[PDB]
Amino acid sequence: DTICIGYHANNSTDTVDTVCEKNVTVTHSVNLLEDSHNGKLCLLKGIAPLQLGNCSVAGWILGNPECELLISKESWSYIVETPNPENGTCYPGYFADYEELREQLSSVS
Amino acid sequence: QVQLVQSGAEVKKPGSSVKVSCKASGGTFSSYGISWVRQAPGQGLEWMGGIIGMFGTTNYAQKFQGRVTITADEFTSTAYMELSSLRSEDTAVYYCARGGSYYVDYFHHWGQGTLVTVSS
Amino acid sequence: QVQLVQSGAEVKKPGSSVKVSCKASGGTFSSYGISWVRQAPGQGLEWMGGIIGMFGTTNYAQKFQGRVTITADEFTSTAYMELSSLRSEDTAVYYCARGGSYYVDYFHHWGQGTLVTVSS
Amino acid sequence: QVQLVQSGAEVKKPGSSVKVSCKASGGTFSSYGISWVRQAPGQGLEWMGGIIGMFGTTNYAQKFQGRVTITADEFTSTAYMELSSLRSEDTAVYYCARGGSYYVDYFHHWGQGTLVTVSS
Amino acid sequence: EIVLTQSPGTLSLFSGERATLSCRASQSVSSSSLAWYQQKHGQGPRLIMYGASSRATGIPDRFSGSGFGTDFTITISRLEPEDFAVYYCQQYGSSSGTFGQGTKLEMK
Amino acid sequence: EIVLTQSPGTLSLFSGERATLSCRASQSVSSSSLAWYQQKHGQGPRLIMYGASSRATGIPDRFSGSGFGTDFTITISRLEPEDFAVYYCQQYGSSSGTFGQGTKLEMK
Amino acid sequence: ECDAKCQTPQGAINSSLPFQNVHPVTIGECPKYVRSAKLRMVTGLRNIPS
Amino acid sequence: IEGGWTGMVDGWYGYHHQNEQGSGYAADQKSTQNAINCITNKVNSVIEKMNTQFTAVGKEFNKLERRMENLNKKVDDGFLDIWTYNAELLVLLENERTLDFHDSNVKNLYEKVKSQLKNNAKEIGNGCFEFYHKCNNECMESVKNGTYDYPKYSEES
Amino acid sequence: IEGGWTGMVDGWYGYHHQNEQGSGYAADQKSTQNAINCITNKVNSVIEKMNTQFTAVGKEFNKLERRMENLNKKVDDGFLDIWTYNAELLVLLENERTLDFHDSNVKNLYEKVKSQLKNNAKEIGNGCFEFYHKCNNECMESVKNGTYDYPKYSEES
Amino acid sequence: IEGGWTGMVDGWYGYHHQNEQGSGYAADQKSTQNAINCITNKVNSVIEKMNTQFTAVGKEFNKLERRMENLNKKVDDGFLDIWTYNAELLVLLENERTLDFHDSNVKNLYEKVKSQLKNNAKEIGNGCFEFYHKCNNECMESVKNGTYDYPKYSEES
Ligand SMILES: *[C@@H]1O[C@H](CO)[C@@H](O[C@@H]2O[C@H](CO)[C@@H](O[C@@H]3O[C@H](CO)[C@@H](O)[C@H](O)[C@@H]3O)[C@H](O)[C@H]2NC(C)=O)[C@H](O)[C@H]1NC(C)=O
Ligand SMILES: *[C@@H]1O[C@H](CO)[C@@H](O[C@@H]2O[C@H](CO)[C@@H](O[C@@H]3O[C@H](CO)[C@@H](O)[C@H](O)[C@@H]3O)[C@H](O)[C@H]2NC(C)=O)[C@H](O)[C@H]1NC(C)=O
Ligand SMILES: *[C@@H]1O[C@H](CO)[C@@H](O[C@@H]2O[C@H](CO)[C@@H](O[C@@H]3O[C@H](CO)[C@@H](O)[C@H](O)[C@@H]3O)[C@H](O)[C@H]2NC(C)=O)[C@H](O)[C@H]1NC(C)=O
Ligand SMILES: *[C@@H]1O[C@H](CO)[C@@H](O)[C@H](O)[C@H]1NC(C)=O
Ligand SMILES: *[C@@H]1O[C@H](CO)[C@@H](O)[C@H](O)[C@H]1NC(C)=O
Ligand SMILES: *[C@@H]1O[C@H](CO)[C@@H](O)[C@H](O)[C@H]1NC(C)=O
Ligand SMILES: *[C@@H]1O[C@H](CO)[C@@H](O)[C@H](O)[C@H]1NC(C)=O
Ligand SMILES: *[C@@H]1O[C@H](CO)[C@@H](O)[C@H](O)[C@H]1NC(C)=O
């Protein structure tokens with residue numbers, strides 16, 4: 001007769017790093033980092049957001065003549081802005097505490 | 001203490017595929033084995049198949065052997081179903097079970113179950 | 001290097017209880033054993049009892065066996081006293097000692113001592 | 001992949017000392033052995049000496065035994081030279097080599113080399 | 001997985017007296033390849049026994065079972081109206097499982 | 001370090017035929033105290049063999065070598081114009097090293 | 001239209017893993033942002049088949 | 001122990017036998033199941049400690065508040081550097097322990113067999129034993145599980 | 001080693017004997033004292049590294065400085081999250097080493113006895129040895145301490 | 001193993017012999033070289049994780065912005081305290097593993113010799129073996145390297 005001792009070794013190809021070894025294959029592993037995104041902004045938690053579009057916060061609050069559609073909507077989860085809005089304060093001027101208004105307006109629902 | 005919860009009851013047209021998701025309350029990372037069982041109306045239970053812990057080894061009865069596929073997302077402590085080619089005889093209740101160990105040994109935890117019927 | 005410091009001299013009425021606190025300079029977490037000894041005026045020393053490291057096992061001489069209780073807060077490296085039922089014969093000097101090991105073996109570190117007298 | 005880089009070509013007056021620095025691309029902490037070799041114009045190579053890993057043990061051929069000193073800053077993966085008492089016969093090319101192990105065994109990595117000449 | 005024979009399911013008895021349930025395995029199986037589940041109409045099963053000799057947690061001393069190879073059988077020390085139900089026997093050799101038809105336990 | 005004898009360096013041969021190179025050690029040395037390097041005029045050497053029996057990485061099957069003690073010698077399966085060069089043999093007993101004079105390999 | 005738990009300027013994460021690296025800014029319950037390109041935990045043994 | 005197995009499944013640690021009763025791999029459920037508990041508790045602990053419920057919406061400042069932007073930028077960058085270092089260090093450190101953890105279990109199991117498998121079986125070094133007594137499944141499973149009958153067999157002794 | 005003791009005191013590691021001269025537990029002062037040093041130095045190191053001398057008095061800002069409050073709030077919350085994670089990780093990590101540290105000491109002591117207690121004593125596995133030679137206190141304490149007289153006894157050999 | 005060596009060089013782990021063919025220390029290149037790889041990879045990992053590319057130029061604020069200075073001061077002090085704790089903890093923790101790492105290697109090598117050096121050699125405990133058979137350099141290096149000829153010698157057996 002004969003008896004032997006061993007351990008499992010499947011054909012997986014999971015690579016992990018440790019203190020002083022690199023690229024060591026392991027039978028099983030769990031991934032904790034996620035790097036996949038849908039790449040598509042959309043509604044969150046059942047409430048649609050406010051697509052400001054071509055009007056910045058300054059244009060939205062002051063009621064710019066354009067982007068009139070923003071007036072109708074009054075409930076949202078978060079505010080999304082175009083990187084370079086082109087319909088901000090229509091009449092030239094200085095908007096006092098404009099940055100500080102965003103923080104006040106950021107938390108509103 | 002833990003609780004087993006399954007998806008809601010569903011009805012599917014004949015010749016389609018039905019998917020039922022089993023999840024455990026506080027479903028953090030888990031390795032307990034899972035299985036499934038059918039309780040036909042007015043008849044006794046009959047085993048279907050189950051998973052084995054981290055190893056992810058699946059075994060199914062020879063009755064179908066090609067129609068049911070089970071995969072478990074251990075990170076979320078969830079077990080799925082991919083039953084296909086439903087028929088009239090398949091109208092029964094499906095239950096989610098755990099054995100308390102990575103193997104597929106006896107079961108002592110059950111969910112609320114799900115009633116699935118097939119008709120037009 | 002370490003230094004043993006005791007509380008100041010105290011005088012108590014007969015039939016009362018006197019407490020003396022022993023502390024070590026830089027009294028971080030310590031496990032060295034502690035004990036006590038009496039030096040009556042013009043007479044030799046006599047052992048009282050001590051603690052044993054983390055285990056906190058206390059042994060006292062049979063002379064009293066009920067009158068002296070010692071507990072050490074190892075975190076602060078302090079040893080306390082709860083001597084009770086003082087009498088005229090008890091007027092002497094009390095010293096704090098360490099053995100250098102968790103056991104209650106010989107002592108080689110001593111404090112400045114404390115003189116306690118009993119009278120009305 | 002790694003690359004061995006040496007200092008630029010230099011010319012020294014007779015009777016002076018010449019220093020050549022050998023460095024490895026991406027020169028993080030390393031322990032590989034280093035050595036040196038001379039390739040006289042139109043003649044074969046001849047070993048000089050080398051270092052041994054962390055232990056920093058140096059061995060040199062008996063031809064000079066006092067004229068060449070090698071020290072390696074392992075943290076920067078650099079090897080230096082302190083050859084002294086140059087002469088006309090010493091005009092040749094010096095190469096930096098590695099053995100792939102802490103010992104001074106055979107070499108399989110080489111730099112671009114350096115041509116050093118002696119004249120007034 | 002292996003076929004299991006079953007005796008007739010007509011077992012009529014009153015409460016408060018010894019009761020027995022019959023479940024026969026076709027072939028000899030490991031003693032640690034047995035269990036017992038209790039199911040009442042309209043509700044899912046519940047554990048009774050595991051290993052053929054160990055009583056599950058939260059089970060009183062009114063349940064007992066024994067058998068090896070093919071003579072598997074169980075008995076009830078004292079039947080109670082709540083404990084009355086349909087009982088299923090499980091067999092699991094290795095990486096498999098099976099159940100029985102289901103006894104037709106009844107009250108006269 | 002130890003003196004190494006060398007045969008005459010005049011070895012003229014054409015490509016595409018078996019070739020041999022001679023390098024004799026004065027005294028017996030460990031089989032793992034040998035190597036071979038290839039150098040062409042104007043460029044630094046390059047590894048050929050290590051241990052007298054193991055071929056370095058990125059070396060075709062056109063190189064072979066054998067010998068123990070003092071009869072160290074190598075042969076070329078099929079000479080090629082690019083593979084033609086001057087070859088140096090290394091000896092390293094322990095914490096030391098040495099090279100040869102260099103064969104005067106030539107094309108007729 | 002979506003039902004993602006977290007929203008990000010580059011999109012939605014849609015999963016509940018502890019870590020993410022798509023974008024530092026997030027809205028709602030979101031995995032923490034980690035600059036590491038990749039990280040994993042070993043659950044089995046070293047694979048050295050013979 | 002010198003070299004893993006591929007035919008074996010359903011267990012990280014298992015035995016082997018070549019008796020005439022039948023040759024086939026087997027798994028140690030008790031040993032493997034215990035190891036899984038530590039892994040499940042270990043991975044859960046990492047997730048629980050790494051909380052993620054907080055507000056990360058960015059702010060903006062005008063041109064005259066350059067000091068705010070640099071100070072605000074440093075705070076954001078500082079925490080990301082800290083968390084990145086903490087996340088890697090904990091994961092890298094835990095992986096090494098897990099790899100060593102398995103070695104102790106398999107080695108501990110091997111020693112446990114040695115104690116239960118007395119000198120009657122000759123050890124050949126490469127994680128195997130040779131029996132001086134012929135044994136069937138009944139005795140083979142005795143060594144595999146926690147019951148053995150050493151005094152019964154005394155052949156070649 | 002399989003199962004702790006309750007009658008024993010004054011030592012984490014100790015022996016036992018049943019000779020006619022007297023049965024009673026004993027402690028290994030040299031082994032126990034060495035272990036205490038590491039624990040005392042280990043706990044001290046944690047306290048010393050965790051400095052606590054700093055100012056933590058909170059500030060307040062008016063209504064128009066909402067940016068200050070949110071930025072100031074994040075700084076306070078950020079550090080508390082970091083320190084909470086650091087405090088637990090260091091304590092949890094150190095505890096595992098301490099538990100394993102004791103196992104090595106007791107196991108190392110057991111092996112040390114084996115080397116000094118040669119084959120003359122039969123090992124029964126459960127952390128015990130059976131002597132082939134009758135021994136009194138003089139010999140019993142020889143095994144307990146660092147001096148033994150193996151060549152004197154050769155009974156049943 | 002009980003006590004280091006000073007004459008030996010060119011290796012952290014080495015053997016010794018006293019045969020008439022010649023007495024002299026030797027090093028195990030395979031064992032030492034493997035250990036160096038972990039050390040080199042271990043020290044490199046610490047440096048890589050500890051990034052240092054960032055702006056640290058200090059700022060100044062007027063008298064009426066005392067809140068900025070206190071808040072800015074806390075941010076600078078907070079990070080320095082965190083990094084100081086992280087730097088020491090990682091270095092202190094890694095040192096302990098390295099010291100234990102060497103012990104396993106040397107002890108593992110000692111056990112490896114025991115397996116290859118069967119009972120023919122008597123173990124005297126203090127990290128040494130006594131051979132029952134006279135051996136020359138050819139056999140001595142057999143034990144040192146990975147090839148041995150146990151069946152050839154059976155003297156006193
Ligand atoms: C460990 O494994 C061994 C071997 O598998 C187990 O031995 C088993 O012991 C039981 C006794 O409770 C045997 O049952 C009896 O077998 C005799 C055989 O003639 C039969 O006449 C009796 O009616 C009864 O069934 C069993 O046969 C035996 N195993 C085998 C394969 O023969 C042992 O129980 C296991 N221990 C543990 C703790 O798992
Ligand atoms: C370890 O323990 C053993 C046993 O307790 C110690 O043996 C002791 O050895 C000393 C010798 O220095 C003995 O002292 C001599 O005893 C003889 C007995 O006839 C007496 O005639 C002499 O005048 C002298 O006192 C001592 O008796 C002996 N112990 C016992 C119990 O007999 C040993 O010394 C210990 N070693 C260490 C390093 O702790
Ligand atoms: C481990 O070390 C031993 C001892 O140093 C090595 O033994 C060596 O084995 C080779 C066989 O390939 C011997 O070479 C032959 O020696 C005979 C002696 O008469 C000679 O006639 C042959 O022509 C051939 O050269 C070698 O002599 C022998 N070593 C000694 C010192 O005699 C063994 O090879 C080493 N193994 C490894 C894997 O390192
Ligand atoms: C190899 O890996 C594949 C997937 O990568 C898996 O399906 C298969 O079962 C493994 N084993 C064999 C023998 O192919
Ligand atoms: C080896 O590790 C490096 C580390 O960055 C990685 O880039 C590379 O892809 C790995 N290669 C293999 C074959 O695992
Ligand atoms: C918003 O701006 C984009 C930029 O070209 C333009 O194409 C689009 O018509 C604008 N939409 C509205 C509603 O003004
Ligand atoms: C709004 O933005 C569009 C984009 O080009 C521009 O053509 C238009 O003049 C803007 N109108 C106002 C009122 O800002
Ligand atoms: C992720 O997207 C899929 C596809 O629509 C959806 O079924 C799933 O519910 C989403 N996950 C969450 C957490 O909402």
# chains A, B, ... in the order shown; residues from 1 in each chain; ligands from 1

$ residues_around --residues "segment 94-104 of chain H" --least-positions-apart "6" --cutoff "7 Å" --atoms "only C-alpha atoms" --output "VMD selection string"
(chain A and resid 18 to 19) or (chain G and resid 41 to 42 45 to 46)

$ write_last_selection --atoms "C-alpha atoms" --output "short mmCIF file (atom, residue, chain, number, x, y, z; two decimals), in the first residue's frame"
data_model
loop_
_atom_site.label_atom_id
_atom_site.label_comp_id
_atom_site.auth_asym_id
_atom_site.auth_seq_id
_atom_site.Cartn_x
_atom_site.Cartn_y
_atom_site.Cartn_z
CA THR A 18 3.11 39.98 -2.07
CA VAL A 19 5.79 41.63 0.07
CA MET G 41 -6.45 39.04 -2.24
CA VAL G 42 -5.35 35.40 -2.38
CA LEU G 45 -2.82 28.32 -2.43
CA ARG G 46 0.13 29.09 -4.65
#

$ residues_around --residues "residue 31 of chain G" --least-positions-apart "5" --cutoff "7 Å" --atoms "only C-alpha atoms" --output "count of residues only"
6

$ interface_residues --of "chain E" --to "chain B" --cutoff "12 Å" --atoms "only C-alpha atoms" --output "ChimeraX atom specification"
/E:1-3,32-52,55-58,86-104

$ write_last_selection --atoms "N, CA and C atoms" --output "short mmCIF file (atom, residue, chain, number, x, y, z; two decimals), in the first residue's frame"
data_model
loop_
_atom_site.label_atom_id
_atom_site.label_comp_id
_atom_site.auth_asym_id
_atom_site.auth_seq_id
_atom_site.Cartn_x
_atom_site.Cartn_y
_atom_site.Cartn_z
N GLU E 1 -26.39 10.07 -5.65
CA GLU E 1 -27.75 9.76 -6.18
C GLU E 1 -27.94 8.26 -6.35
N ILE E 2 -29.05 7.74 -5.84
CA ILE E 2 -29.38 6.33 -5.97
C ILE E 2 -30.85 6.15 -5.63
N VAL E 3 -31.50 5.23 -6.34
CA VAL E 3 -32.92 4.98 -6.11
C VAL E 3 -33.13 4.51 -4.68
N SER E 32 -22.98 8.40 7.38
CA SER E 32 -23.02 9.86 7.35
C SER E 32 -23.64 10.40 6.07
N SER E 33 -24.47 9.60 5.39
CA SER E 33 -25.14 10.00 4.16
C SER E 33 -26.65 9.94 4.33
N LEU E 34 -27.15 10.43 5.46
CA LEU E 34 -28.57 10.39 5.76
C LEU E 34 -28.97 11.66 6.49
N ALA E 35 -30.26 12.00 6.38
CA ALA E 35 -30.84 13.13 7.08
C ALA E 35 -32.35 12.94 7.12
N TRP E 36 -33.04 13.88 7.75
CA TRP E 36 -34.50 13.84 7.81
C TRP E 36 -35.04 15.26 7.87
N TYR E 37 -36.09 15.52 7.09
CA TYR E 37 -36.70 16.83 7.00
C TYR E 37 -38.20 16.73 7.27
N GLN E 38 -38.74 17.75 7.93
CA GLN E 38 -40.16 17.82 8.24
C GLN E 38 -40.80 18.95 7.45
N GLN E 39 -41.87 18.63 6.73
CA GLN E 39 -42.60 19.61 5.93
C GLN E 39 -44.09 19.48 6.21
N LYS E 40 -44.74 20.62 6.42
CA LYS E 40 -46.19 20.69 6.54
C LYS E 40 -46.76 21.43 5.34
N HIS E 41 -47.99 21.09 4.98
CA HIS E 41 -48.60 21.64 3.77
C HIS E 41 -48.57 23.16 3.80
N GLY E 42 -48.10 23.76 2.71
CA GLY E 42 -48.06 25.20 2.57
C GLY E 42 -46.79 25.85 3.08
N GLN E 43 -45.87 25.10 3.68
CA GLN E 43 -44.64 25.66 4.21
C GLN E 43 -43.47 24.78 3.81
N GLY E 44 -42.28 25.38 3.79
CA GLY E 44 -41.08 24.69 3.39
C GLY E 44 -40.62 23.67 4.41
N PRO E 45 -39.71 22.78 4.01
CA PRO E 45 -39.25 21.74 4.94
C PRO E 45 -38.47 22.30 6.12
N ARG E 46 -38.12 21.43 7.06
CA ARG E 46 -37.35 21.81 8.23
C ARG E 46 -36.49 20.63 8.66
N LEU E 47 -35.29 20.92 9.14
CA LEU E 47 -34.34 19.87 9.49
C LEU E 47 -34.81 19.08 10.70
N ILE E 48 -34.52 17.78 10.68
CA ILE E 48 -34.79 16.90 11.82
C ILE E 48 -33.48 16.27 12.28
N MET E 49 -32.85 15.50 11.39
CA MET E 49 -31.70 14.69 11.74
C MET E 49 -30.62 14.83 10.67
N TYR E 50 -29.37 14.65 11.09
CA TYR E 50 -28.23 14.64 10.18
C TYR E 50 -27.25 13.57 10.64
N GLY E 51 -26.74 12.80 9.69
CA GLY E 51 -25.84 11.71 10.00
C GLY E 51 -26.52 10.45 10.48
N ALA E 52 -27.85 10.43 10.56
CA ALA E 52 -28.66 9.29 10.97
C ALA E 52 -28.63 9.05 12.47
N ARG E 55 -29.16 14.65 16.34
CA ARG E 55 -30.37 15.45 16.28
C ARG E 55 -30.01 16.91 16.07
N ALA E 56 -30.69 17.56 15.14
CA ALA E 56 -30.38 18.95 14.82
C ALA E 56 -30.66 19.86 16.01
N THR E 57 -30.12 21.07 15.93
CA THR E 57 -30.34 22.05 16.98
C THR E 57 -31.82 22.41 17.07
N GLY E 58 -32.27 22.70 18.29
CA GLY E 58 -33.66 23.05 18.52
C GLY E 58 -34.62 21.91 18.22
N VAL E 86 -45.48 15.45 7.08
CA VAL E 86 -44.92 14.52 6.10
C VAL E 86 -43.40 14.62 6.16
N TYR E 87 -42.74 13.47 6.23
CA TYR E 87 -41.30 13.40 6.47
C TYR E 87 -40.59 12.86 5.23
N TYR E 88 -39.48 13.49 4.88
CA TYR E 88 -38.68 13.10 3.73
C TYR E 88 -37.28 12.72 4.18
N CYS E 89 -36.76 11.63 3.62
CA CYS E 89 -35.43 11.12 3.92
C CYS E 89 -34.48 11.48 2.79
N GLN E 90 -33.29 11.96 3.16
CA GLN E 90 -32.29 12.40 2.20
C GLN E 90 -31.13 11.42 2.17
N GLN E 91 -30.61 11.16 0.97
CA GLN E 91 -29.42 10.35 0.78
C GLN E 91 -28.42 11.14 -0.06
N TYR E 92 -27.18 11.22 0.41
CA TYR E 92 -26.13 11.97 -0.28
C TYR E 92 -24.82 11.19 -0.14
N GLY E 93 -24.51 10.37 -1.14
CA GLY E 93 -23.27 9.62 -1.14
C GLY E 93 -22.06 10.53 -1.21
N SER E 94 -21.91 11.23 -2.34
CA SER E 94 -20.84 12.20 -2.49
C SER E 94 -21.12 13.11 -3.67
N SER E 95 -21.12 14.42 -3.44
CA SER E 95 -21.38 15.39 -4.51
C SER E 95 -22.70 15.09 -5.20
N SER E 96 -23.71 14.73 -4.41
CA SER E 96 -25.02 14.39 -4.95
C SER E 96 -26.04 14.43 -3.82
N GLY E 97 -27.30 14.19 -4.18
CA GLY E 97 -28.36 14.16 -3.20
C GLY E 97 -29.62 13.57 -3.79
N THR E 98 -30.50 13.11 -2.91
CA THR E 98 -31.76 12.52 -3.33
C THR E 98 -32.76 12.60 -2.19
N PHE E 99 -34.04 12.51 -2.54
CA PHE E 99 -35.14 12.54 -1.58
C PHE E 99 -36.07 11.37 -1.84
N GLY E 100 -37.07 11.23 -0.96
CA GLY E 100 -38.05 10.17 -1.07
C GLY E 100 -39.39 10.66 -1.61
N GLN E 101 -40.27 9.69 -1.86
CA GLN E 101 -41.60 10.01 -2.37
C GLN E 101 -42.40 10.83 -1.37
N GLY E 102 -42.36 10.44 -0.10
CA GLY E 102 -43.12 11.13 0.93
C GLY E 102 -44.19 10.24 1.54
N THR E 103 -44.06 9.98 2.84
CA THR E 103 -45.02 9.12 3.53
C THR E 103 -46.37 9.81 3.65
N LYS E 104 -47.44 9.03 3.53
CA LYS E 104 -48.80 9.53 3.70
C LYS E 104 -49.27 9.35 5.14
#

$ residues_around --residues "segment 37-46 of chain H" --least-positions-apart "5" --cutoff "8 Å" --atoms "only C-alpha atoms" --output "VMD selection string"
(chain B and resid 28 to 31) or (chain G and resid 41 43) or (chain H and resid 98)

$ residues_near_ligand --ligand "ligand 6" --cutoff "8 Å" --atoms "only C-alpha atoms and all ligand atoms" --output "VMD selection string"
chain A and resid 53 to 54 66 to 67 86

$ write_last_selection --atoms "N, CA, C and O atoms" --output "short mmCIF file (atom, residue, chain, number, x, y, z; two decimals), in the first residue's frame"
data_model
loop_
_atom_site.label_atom_id
_atom_site.label_comp_id
_atom_site.auth_asym_id
_atom_site.auth_seq_id
_atom_site.Cartn_x
_atom_site.Cartn_y
_atom_site.Cartn_z
N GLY A 53 -27.28 71.59 -19.13
CA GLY A 53 -26.98 71.76 -20.54
C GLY A 53 -26.07 72.93 -20.83
O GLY A 53 -24.95 72.99 -20.34
N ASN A 54 -26.56 73.87 -21.64
CA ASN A 54 -25.76 75.02 -22.07
C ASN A 54 -25.78 76.17 -21.07
O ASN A 54 -25.09 77.17 -21.29
N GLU A 66 -32.47 82.12 -22.52
CA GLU A 66 -32.38 80.79 -23.10
C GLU A 66 -32.60 79.75 -22.00
O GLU A 66 -32.86 80.08 -20.84
N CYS A 67 -32.51 78.48 -22.38
CA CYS A 67 -32.67 77.36 -21.45
C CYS A 67 -33.85 77.60 -20.51
O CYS A 67 -33.73 77.50 -19.29
N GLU A 86 -22.04 78.06 -22.11
CA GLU A 86 -21.99 79.20 -23.01
C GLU A 86 -23.17 80.15 -22.82
O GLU A 86 -23.31 81.10 -23.61
#

$ residues_around --residues "residue 12 of chain A" --least-positions-apart "4" --cutoff "10 Å" --atoms "only C-alpha atoms" --output "PyMOL selection string"
(chain A and resi 25-29) or (chain G and resi 47)

$ closest_residue --among "H:107, H:30, H:112, H:16" --to "ligand 1" --atoms "only C-alpha atoms and all ligand atoms"
H:30

$ residues_near_ligand --ligand "ligand 5" --cutoff "10 Å" --atoms "only C-alpha atoms and all ligand atoms" --output "MDAnalysis selection string"
(chainID A and resid 13:17 21:25) or (chainID G and resid 37:38)

$ select_by_dssp --residues "chain F" --states "strand (DSSP E or B)" --output "VMD selection string"
chain F and resid 4 to 5 11 to 12 19 to 22 24 to 25 34 to 39 46 to 50 54 to 55 63 to 66 73 to 76 86 to 91 98 105 to 106

$ interface_residues --of "chain J" --to "chain I" --cutoff "10 Å" --atoms "only C-alpha atoms" --output "number ranges by chain"
J: 67-68, 70-72, 74-75, 77-79, 81-82, 84-86, 88-89, 93, 124-126

$ write_last_selection --atoms "C-alpha atoms" --output "JSON list (two decimals), in the first residue's frame"
[["chain", "number", "residue", "atom", "x", "y", "z"],
["J", 67, "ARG", "CA", -8.26, 80.80, 10.88],
["J", 68, "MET", "CA", -6.44, 79.99, 7.64],
["J", 70, "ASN", "CA", -4.44, 77.35, 12.11],
["J", 71, "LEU", "CA", -6.32, 75.26, 9.55],
["J", 72, "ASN", "CA", -3.34, 75.21, 7.18],
["J", 74, "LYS", "CA", -3.18, 71.44, 11.10],
["J", 75, "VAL", "CA", -3.12, 70.00, 7.57],
["J", 77, "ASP", "CA", 1.09, 68.74, 10.98],
["J", 78, "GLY", "CA", -1.55, 66.07, 10.44],
["J", 79, "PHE", "CA", 0.12, 64.56, 7.38],
["J", 81, "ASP", "CA", 2.27, 62.71, 11.98],
["J", 82, "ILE", "CA", 0.56, 60.18, 9.71],
["J", 84, "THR", "CA", 5.91, 59.36, 10.46],
["J", 85, "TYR", "CA", 3.67, 56.66, 11.94],
["J", 86, "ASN", "CA", 3.33, 54.87, 8.59],
["J", 88, "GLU", "CA", 8.03, 53.52, 11.26],
["J", 89, "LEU", "CA", 5.27, 50.90, 11.36],
["J", 93, "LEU", "CA", 6.97, 45.39, 10.92],
["J", 124, "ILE", "CA", 24.60, 15.50, 18.22],
["J", 125, "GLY", "CA", 22.04, 18.31, 18.58],
["J", 126, "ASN", "CA", 24.23, 21.41, 18.30]]

$ select_by_dssp --residues "chain B" --states "helix (DSSP H, G or I)" --output "PyMOL selection string"
chain B and resi 74-76+88-90

$ residues_near_ligand --ligand "ligand 3" --cutoff "12 Å" --atoms "only C-alpha atoms and all ligand atoms" --output "number ranges by chain"
F: 28-32, 51, 53, 66-72; J: 21, 28-30, 135-149

$ write_last_selection --atoms "C-alpha atoms" --output "short mmCIF file (atom, residue, chain, number, x, y, z; two decimals), in the first residue's frame"
data_model
loop_
_atom_site.label_atom_id
_atom_site.label_comp_id
_atom_site.auth_asym_id
_atom_site.auth_seq_id
_atom_site.Cartn_x
_atom_site.Cartn_y
_atom_site.Cartn_z
CA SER F 28 41.92 20.11 -13.41
CA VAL F 29 39.09 22.43 -12.39
CA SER F 30 35.45 21.96 -11.45
CA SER F 31 33.19 21.29 -14.43
CA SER F 32 31.13 24.30 -13.28
CA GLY F 51 29.12 25.41 -16.90
CA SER F 53 27.53 21.99 -20.84
CA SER F 66 32.56 19.27 -23.60
CA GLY F 67 35.62 18.38 -21.55
CA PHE F 68 36.72 17.63 -17.99
CA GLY F 69 39.90 18.50 -16.12
CA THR F 70 42.35 19.45 -18.87
CA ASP F 71 40.88 18.30 -22.23
CA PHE F 72 38.42 21.20 -22.50
CA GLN J 21 40.72 15.67 2.86
CA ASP J 28 25.26 27.43 0.07
CA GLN J 29 24.93 29.65 -3.00
CA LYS J 30 21.48 28.34 -3.93
CA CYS J 135 33.69 10.13 3.41
CA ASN J 136 35.99 12.10 1.11
CA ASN J 137 35.38 15.34 -0.80
CA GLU J 138 33.34 13.50 -3.44
CA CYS J 139 30.82 12.35 -0.84
CA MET J 140 31.08 15.53 1.25
CA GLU J 141 29.98 17.72 -1.66
CA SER J 142 27.19 15.21 -2.36
CA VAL J 143 25.53 16.21 0.91
CA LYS J 144 26.29 19.88 0.28
CA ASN J 145 24.63 19.82 -3.16
CA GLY J 146 21.43 18.11 -4.29
CA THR J 147 22.80 14.63 -5.11
CA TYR J 148 23.50 11.89 -2.57
CA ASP J 149 24.34 8.18 -2.75
#
